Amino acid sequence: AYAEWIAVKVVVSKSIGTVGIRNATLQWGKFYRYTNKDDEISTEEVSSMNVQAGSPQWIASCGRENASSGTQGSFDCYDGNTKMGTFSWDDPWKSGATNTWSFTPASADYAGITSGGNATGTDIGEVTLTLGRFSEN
């Protein structure tokens, strides 16, 4: 249902400048143009986004309308040709089931720190993903 949704705000550090969103996939649900759940967009459109430092953009997904199912999927973040990592989520419809999400970095050269999100209830809601380039201290 539309009650199951996530919207990921992609924040790119000047340590990277531009992040390519690629390889988006869904096991359940659809992508949409935040904030209008009726405005469905293709996986290819999501997988063509370039996010610039200073101007965050949103990747949003919800369950299919009136269905007893939610949204589950992922997308990859790239710094040019170099994979930074993968953001994944699982927002089930079933009442009482835990909602989950994570960024998994490809290496210690990049980090994706998340803030926000509901582990319980219908929707994950808005989550911020802050991406940067890092070196060991």
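Position 1 is the first residue in the sequence shown; the rest follow in order.
Q: Taking the mean of the C-alpha B-factors per stretch from the entry, tell me the winner out of 72 to 80 and 98 to 106.
A: On average, C-alpha B-factors are higher across 98 to 106.
Q: According to the deposited model, is the average Cα temperature factor higher in 121 to 129 or in 5 to 13?
A: Looking at the record's C-alpha B-factors, the answer is 121 to 129.
Q: Checking the record values for 58, 87, 32, 93, which has the greatest CA B factor?
A: Of the candidates given, the C-alpha B-factor peaks at 93.
Q: Can you pull the Cα B-factors for 62, 41, 111, 51 from the entry and say which is highest?
A: When the deposited C-alpha B-factors of 62, 41, 111, 51 are compared, 41 is largest.
Q: Per the entry's values, where does residue 36 land by CA temperature factor relative to the rest of its chain, in the lowest, middle or highest third?
A: For residue 36, the deposited C-alpha B-factor lands in the middle third.
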